[PDB]
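The structure file target04.cif is reproduced below (mmCIF, C-alpha atoms and all ligand atoms).
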```
data_query
loop_
_atom_site.label_atom_id
_atom_site.label_comp_id
_atom_site.auth_asym_id
_atom_site.auth_seq_id
_atom_site.Cartn_x
_atom_site.Cartn_y
_atom_site.Cartn_z
CA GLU A 640 4.06 26.43 -2.87
CA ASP A 641 1.42 24.28 -1.19
CA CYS A 642 1.42 20.94 -3.03
CA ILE A 643 -1.08 18.53 -1.46
CA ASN A 644 -0.32 15.91 -4.14
CA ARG A 645 0.05 12.52 -2.43
CA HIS A 646 2.03 9.59 -3.83
CA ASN A 647 -1.25 7.77 -4.26
CA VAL A 648 -4.24 9.97 -3.55
CA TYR A 649 -5.21 8.07 -0.35
CA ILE A 650 -8.90 8.14 -1.34
CA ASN A 651 -10.18 5.93 1.45
CA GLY A 652 -13.67 4.45 1.49
CA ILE A 653 -15.12 2.13 -1.14
CA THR A 654 -12.59 2.86 -3.91
CA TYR A 655 -9.60 4.96 -4.94
CA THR A 656 -9.50 7.59 -7.69
CA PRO A 657 -6.78 9.98 -8.97
CA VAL A 658 -6.21 13.70 -8.45
CA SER A 659 -7.59 16.40 -10.74
CA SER A 660 -7.81 20.17 -10.88
CA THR A 661 -11.10 21.70 -9.75
CA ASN A 662 -13.19 24.42 -11.37
CA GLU A 663 -14.82 26.91 -8.99
CA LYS A 664 -14.67 30.54 -7.88
CA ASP A 665 -12.24 31.82 -5.25
CA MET A 666 -11.76 34.81 -2.97
CA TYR A 667 -8.47 35.29 -4.83
CA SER A 668 -10.53 35.28 -8.02
CA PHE A 669 -13.07 37.65 -6.46
CA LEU A 670 -10.32 40.20 -5.82
CA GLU A 671 -8.86 39.50 -9.27
CA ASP A 672 -11.99 40.09 -11.35
CA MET A 673 -12.63 42.92 -8.90
CA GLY A 674 -9.36 44.23 -10.36
CA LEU A 675 -7.23 44.83 -7.25
CA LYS A 676 -4.51 42.91 -5.40
CA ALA A 677 -3.95 42.22 -1.72
CA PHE A 678 -1.55 40.74 0.82
CA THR A 679 -2.81 38.57 3.69
CA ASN A 680 -1.85 35.35 5.49
CA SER A 681 -5.31 33.77 5.74
CA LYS A 682 -6.49 31.10 3.30
CA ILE A 683 -7.63 33.05 0.23
CA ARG A 684 -6.65 30.91 -2.76
CA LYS A 685 -7.70 27.30 -3.04
CA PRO A 686 -4.98 24.73 -2.23
CA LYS A 687 -4.04 23.97 -5.82
CA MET A 688 -1.67 21.02 -5.72
CA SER B 395 12.98 -5.61 8.51
CA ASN B 396 16.04 -7.72 7.72
CA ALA B 397 16.27 -11.27 9.07
CA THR B 398 18.50 -14.32 8.72
CA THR B 399 17.96 -17.96 7.80
CA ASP B 400 17.91 -20.15 10.89
CA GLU B 401 19.35 -23.65 10.64
CA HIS B 402 16.00 -25.16 11.68
CA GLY B 403 13.79 -22.24 10.62
CA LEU B 404 13.34 -20.25 7.44
CA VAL B 405 12.33 -16.58 7.24
CA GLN B 406 8.97 -16.19 9.01
CA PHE B 407 8.24 -12.50 8.57
CA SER B 408 5.37 -10.05 8.92
CA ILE B 409 4.92 -6.55 7.53
CA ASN B 410 2.40 -4.07 8.94
CA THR B 411 0.15 -2.79 6.14
CA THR B 412 -1.45 0.65 6.34
CA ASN B 413 -1.94 1.15 2.61
CA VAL B 414 -3.81 0.24 -0.57
CA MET B 415 -4.89 -2.97 -2.28
CA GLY B 416 -1.97 -3.31 -4.68
CA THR B 417 1.13 -4.63 -2.90
CA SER B 418 4.26 -6.45 -4.02
CA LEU B 419 7.11 -7.93 -2.00
CA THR B 420 10.61 -9.26 -2.61
CA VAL B 421 13.86 -10.22 -0.85
CA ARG B 422 17.45 -9.85 -2.03
CA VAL B 423 16.05 -6.42 -2.75
CA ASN B 424 19.23 -4.44 -3.41
CA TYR B 425 17.46 -3.38 -6.64
CA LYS B 426 14.49 -4.16 -8.90
CA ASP B 427 16.65 -4.91 -11.95
CA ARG B 428 20.43 -5.31 -11.85
CA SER B 429 21.52 -2.26 -13.86
CA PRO B 430 19.79 -2.60 -17.24
CA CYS B 431 21.74 0.00 -19.17
CA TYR B 432 21.87 -2.56 -21.99
CA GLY B 433 22.66 -6.15 -22.75
CA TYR B 434 22.29 -6.12 -26.56
CA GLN B 435 21.34 -9.80 -26.08
CA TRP B 436 24.98 -10.77 -25.38
CA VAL B 437 24.38 -12.36 -21.95
CA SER B 438 22.49 -11.27 -18.81
CA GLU B 439 23.80 -11.81 -15.27
CA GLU B 440 20.66 -13.04 -13.51
CA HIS B 441 20.62 -14.33 -9.94
CA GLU B 442 17.36 -15.49 -8.39
CA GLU B 443 15.17 -13.03 -6.51
CA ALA B 444 11.81 -14.05 -5.02
CA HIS B 445 9.51 -11.13 -5.86
CA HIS B 446 5.81 -11.61 -5.12
CA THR B 447 2.74 -9.59 -6.05
CA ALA B 448 -0.44 -9.90 -3.97
CA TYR B 449 -3.87 -8.28 -3.97
CA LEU B 450 -6.63 -7.44 -1.52
CA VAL B 451 -9.94 -8.73 -0.29
CA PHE B 452 -12.49 -6.38 -1.90
CA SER B 453 -14.20 -6.02 1.48
CA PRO B 454 -16.26 -2.80 1.70
CA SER B 455 -17.10 -3.95 5.24
CA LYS B 456 -13.34 -4.32 5.95
CA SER B 457 -14.31 -7.11 8.39
CA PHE B 458 -12.76 -10.46 7.55
CA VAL B 459 -10.86 -13.48 8.86
CA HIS B 460 -7.42 -14.52 7.61
CA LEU B 461 -6.64 -18.24 7.47
CA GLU B 462 -2.99 -19.24 7.43
CA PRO B 463 -2.23 -22.22 5.16
CA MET B 464 -1.40 -25.56 6.76
CA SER B 465 0.91 -26.45 3.87
CA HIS B 466 3.15 -28.73 5.90
CA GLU B 467 3.10 -32.37 6.99
CA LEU B 468 -0.25 -33.95 7.86
CA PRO B 469 -0.89 -37.27 9.62
CA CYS B 470 -4.22 -38.73 8.57
CA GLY B 471 -6.92 -40.30 10.74
CA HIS B 472 -6.81 -37.25 12.99
CA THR B 473 -8.38 -33.87 13.54
CA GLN B 474 -6.65 -30.54 13.00
CA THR B 475 -7.68 -27.33 14.72
CA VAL B 476 -7.26 -24.71 12.01
CA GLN B 477 -5.61 -21.47 13.15
CA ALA B 478 -7.53 -18.38 12.03
CA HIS B 479 -7.30 -14.78 13.21
CA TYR B 480 -9.84 -12.10 12.32
CA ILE B 481 -10.99 -8.51 12.77
CA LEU B 482 -14.19 -6.48 12.92
CA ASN B 483 -13.77 -2.96 11.54
CA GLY B 484 -15.76 -0.20 13.16
CA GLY B 485 -16.38 -2.74 15.88
CA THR B 486 -19.87 -3.97 15.24
CA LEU B 487 -22.08 -1.08 14.20
CA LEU B 488 -25.11 -2.51 15.98
CA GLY B 489 -24.34 -6.23 15.98
CA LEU B 490 -25.92 -8.37 18.66
CA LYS B 491 -24.83 -10.60 21.55
CA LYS B 492 -23.86 -13.31 19.04
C1 LIG A 701 18.14 -6.00 11.32
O1 LIG A 701 17.02 -5.77 12.17
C2 LIG A 701 17.41 -5.77 13.54
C3 LIG A 701 16.17 -5.76 14.41
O2 LIG A 701 15.72 -4.41 14.62
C4 LIG A 701 18.28 -4.55 13.79
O3 LIG A 701 18.66 -4.52 15.17
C5 LIG A 701 19.53 -4.61 12.92
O4 LIG A 701 20.23 -3.36 13.00
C6 LIG A 701 19.18 -4.89 11.47
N1 LIG A 701 20.38 -5.26 10.75
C7 LIG A 701 20.97 -4.42 9.91
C8 LIG A 701 21.03 -4.86 8.48
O5 LIG A 701 21.44 -3.36 10.29
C1 LIG A 702 -0.78 -3.83 11.42
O1 LIG A 702 -0.78 -4.83 12.43
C2 LIG A 702 -1.61 -4.41 13.51
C3 LIG A 702 -1.39 -5.33 14.70
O2 LIG A 702 -0.04 -5.18 15.16
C4 LIG A 702 -3.05 -4.40 13.02
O3 LIG A 702 -3.92 -4.00 14.09
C5 LIG A 702 -3.18 -3.43 11.85
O4 LIG A 702 -4.50 -3.49 11.31
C6 LIG A 702 -2.15 -3.73 10.77
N1 LIG A 702 -2.14 -2.69 9.76
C7 LIG A 702 -2.62 -1.48 10.00
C8 LIG A 702 -1.77 -0.60 10.87
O5 LIG A 702 -3.69 -1.11 9.54
#
```
Serialized structure, structure tokens:
Amino acid sequence: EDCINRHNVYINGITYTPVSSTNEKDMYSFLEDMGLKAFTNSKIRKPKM
Amino acid sequence: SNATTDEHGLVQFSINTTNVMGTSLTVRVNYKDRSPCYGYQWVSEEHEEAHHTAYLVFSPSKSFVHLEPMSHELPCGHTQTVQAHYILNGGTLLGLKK
């Protein structure tokens, strides 16, 4: 469920810029391409908005 | 923050900003447009609304002084202490005594 999408992205500093989906490997993905599945409460997947 | 017109005074209002460069204000703000389902150019009921759009100082230092406008009466052959209020963001990083 975790949607971290702001109204405006709140990109403080010198300038603002919009949101975008990343591209990187994940512990979720490590257990996926491993082949198996798991249940756990800790932060495994990335917080995809 | 609603207000009311004083007999001697107009609306003199502030709004605390904690947001981004693009900002736009208005009063009589029951809507943005009346209810534009259609008019088919017959006639449009249009009362006046004072909507304003403003923009920001592009200050990467974020340290600046705001100068209120003295757009009122002015007797000549005088001096006039201008009223200005400022900030320094991050304090001064090193700065100096002066
Ligand atoms: C207008 O603002 C005053 C000041 O806080 C508040 O007490 C009052 O409830 C407001 N009036 C309205 C429209 O309720
Ligand atoms: C809001 O006004 C306060 C003073 O009451 C000021 O310090 C602040 O910079 C303004 N906006 C914010 C919260 O950044």
Which residues sit within 9 Å of ligand LIG 701 (chain A), counting all atoms listed in the file, listed as an NGL selection string?
:B and (395-398)
Can I get the selected residues back with C-alpha atoms, as a CSV table (one decimal), keeping the file's coordinate frame?
```csv
chain,number,residue,atom,x,y,z
B,395,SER,CA,13.0,-5.6,8.5
B,396,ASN,CA,16.0,-7.7,7.7
B,397,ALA,CA,16.3,-11.3,9.1
B,398,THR,CA,18.5,-14.3,8.7
```
Return as a ChimeraX atom specification every polymer residue, whether protein, DNA or RNA, with at least one atom no more than 9 Å from an atom of ligand LIG 702 (chain A); count all atoms listed in the file.
/B:408-413,481
For C-alpha atoms, I'd like the residues from the last selection saved as a CSV table (one decimal), keeping the file's coordinate frame.
```
chain,number,residue,atom,x,y,z
B,408,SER,CA,5.4,-10.0,8.9
B,409,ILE,CA,4.9,-6.6,7.5
B,410,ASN,CA,2.4,-4.1,8.9
B,411,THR,CA,0.2,-2.8,6.1
B,412,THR,CA,-1.4,0.6,6.3
B,413,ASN,CA,-1.9,1.2,2.6
B,481,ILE,CA,-11.0,-8.5,12.8
```
For residue 463 of chain B, find every residue with an atom within 10 Å (counting all atoms listed in the file), except residues of its own chain fewer than 2 positions away, and show them as JSON, numbers by chain.
{"B": [460, 461, 465, 466, 476, 477, 478]}
Which residues are near residue 643 of chain A? Cut-off 12 Å, only C-alpha atoms, ignore same chain within fewer than 5 positions. Put them as a ChimeraX atom specification.
/A:648-649,658-660,685-688
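With atom CA of residue 453 of chain B on one side and atom CA of residue 488 of chain B on the other, the separation reads 18.5 Å.
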